[PDB]
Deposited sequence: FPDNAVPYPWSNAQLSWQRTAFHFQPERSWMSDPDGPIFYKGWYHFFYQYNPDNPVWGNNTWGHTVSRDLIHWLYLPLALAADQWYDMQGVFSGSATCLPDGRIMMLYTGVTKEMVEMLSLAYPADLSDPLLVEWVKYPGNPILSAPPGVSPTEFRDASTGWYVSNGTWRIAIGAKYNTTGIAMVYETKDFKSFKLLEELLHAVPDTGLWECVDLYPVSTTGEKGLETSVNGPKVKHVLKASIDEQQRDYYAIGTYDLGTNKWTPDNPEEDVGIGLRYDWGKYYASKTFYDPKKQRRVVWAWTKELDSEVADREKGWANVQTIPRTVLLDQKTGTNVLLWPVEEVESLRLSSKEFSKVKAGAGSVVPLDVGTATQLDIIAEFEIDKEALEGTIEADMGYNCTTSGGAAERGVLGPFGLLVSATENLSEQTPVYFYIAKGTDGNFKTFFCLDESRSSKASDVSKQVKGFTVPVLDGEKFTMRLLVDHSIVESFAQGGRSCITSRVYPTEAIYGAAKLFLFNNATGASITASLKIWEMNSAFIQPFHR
């Protein structure tokens, strides 16, 4: 139990990621774009920096970045949601109406579906929310447990005024996704056929079904379907606290989603992010024609420090979701372009040489608020999780960057590539020496990343105090993590380029931006 100072704890607050003024925040809830405003709702405990006397926090921004706090959107104030207003999604109807589906928990721990909608659709800010007088509207079916019946998705249109929503659950140890049909979002009929099911995954939380284009570079509206449209099916795997997705096709007639690769099905294949990243929700952004993904990153320190500091958990910068059209077998995740508006000044390091077993210092000034773009070339079974991280020297790795580092490397957070003997490229983040405090996460996170012919090794790092976001090969693989240095804070936080391979020297080019605050504040 490390004795944290006031200065160490205050440093942990992020400059440009979304978080409330104080207390606990988790799952993203019904994000929409409405009348010039980006709306974001979130799980919020008003009382303490722990999960959770669940209510829905509400915030708005013009550009998915400069957020403004609003009054609380939904409270635990009715018998059917007294134990919490759990997660949920918004469906926009063609007549301008917004239907917000959320899970309500009774004091008996029973979870039921309920409807909320704007009190006043003429208000762009959508401050006041009303609960549908006929709540609750849906309880668990026979197969599914009534204490584990949660997380309705955004609806997609079928015909004759019929919409479908997806609710994930389980049969025994089989993760499943049920589909309900509705015409008014007040009554639901359970379909006989499941959307999909995968053995040995456990409970599926926050399921998400959405179209991706196979030719365009735009996002698609959720109801879009056709011959050149693929569907991503995504579930949060509760037993793991990790998000998984797969690429396949969805048929409106059969109501079936089928994976393009069954060995990489939902829960047993790819992740959006290989670090701390959970309960991700997407929405369609009609202004820039994008699909944007939201997700929260839990604290990786002790609960004692959370209580001492007064708050817990951040949202990652929202990312775009596109199909990787170069591989055809993964998605590209990339921070929204508006994050670039935070860039202040840049410093370039052109063709820097790093020999085997070397550490090259990168003078950038302050290194706690950064956007780093780096390309790497090599001149002239492994597994990140079970590896020794940056200390495990191989012939062609590890090499890359050290962020959140002290002058003498007493604390360090490597983000690195490791090439292993066919050639597998690994992209990992090493938490093992991030902090001198023993009561934090000391894990090595990561996975393989595809590198195609001609491509350099590229990583983008978003550094923002106690959160690091990393992106390999344009976002084919991402790693989000939390760091809690005891010494590498304020002026003492430094940045290095390293190469710990035994038989390879690397050459790198970096552009490093200093990042401004997002100035997150209460709405005027």
Take the full deposited sequence, match it to the modelled residues, and report the stretches without C-alphas.
1-6, 387-397, 439-442, 546
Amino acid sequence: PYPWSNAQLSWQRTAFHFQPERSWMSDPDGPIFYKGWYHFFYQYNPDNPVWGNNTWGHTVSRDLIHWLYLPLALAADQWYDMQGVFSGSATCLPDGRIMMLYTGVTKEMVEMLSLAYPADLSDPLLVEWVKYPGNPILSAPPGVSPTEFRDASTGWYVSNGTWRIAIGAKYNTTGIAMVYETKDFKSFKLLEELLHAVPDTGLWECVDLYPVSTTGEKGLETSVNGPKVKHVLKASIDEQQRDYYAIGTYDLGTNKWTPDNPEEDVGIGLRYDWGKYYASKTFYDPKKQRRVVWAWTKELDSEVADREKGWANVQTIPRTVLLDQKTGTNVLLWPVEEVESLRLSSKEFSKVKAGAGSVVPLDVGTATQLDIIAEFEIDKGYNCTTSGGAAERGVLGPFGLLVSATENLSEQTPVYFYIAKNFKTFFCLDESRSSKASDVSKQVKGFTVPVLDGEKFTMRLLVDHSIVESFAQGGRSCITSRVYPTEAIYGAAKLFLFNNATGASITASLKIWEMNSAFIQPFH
From here on, numbers count along this sequence of modelled residues.
Per the PDB record, is the mean Cα temperature factor higher over 346-354 or over 401-409?
346-354
Going by the B-factors listed in the PDB entry, is the mean over the C-alpha atoms higher for 260-268 or for 366-374?
260-268
Kindly indicate the residue among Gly454, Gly275, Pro71, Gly155 with the greatest C-alpha B-factor in the PDB record.
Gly454
Comparing recorded Cα B-factors across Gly96, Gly248, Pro118, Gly168, which one is largest?
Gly96
Place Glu487 in the lowest, middle or highest third of its chain's C-alpha B-factors, as listed in the PDB entry.
middle
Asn54 by Cα B-factor - lowest, middle or highest third of the modelled chain
middle
Where the record places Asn499 (Cα B-factor, split into thirds across the chain):
middle
Chain-relative C-alpha B factor for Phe426 (record values, thirds): the highest
Comparing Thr282 with the other modelled residues of its chain, is its CA B-factor in the lowest, middle or highest third?
lowest
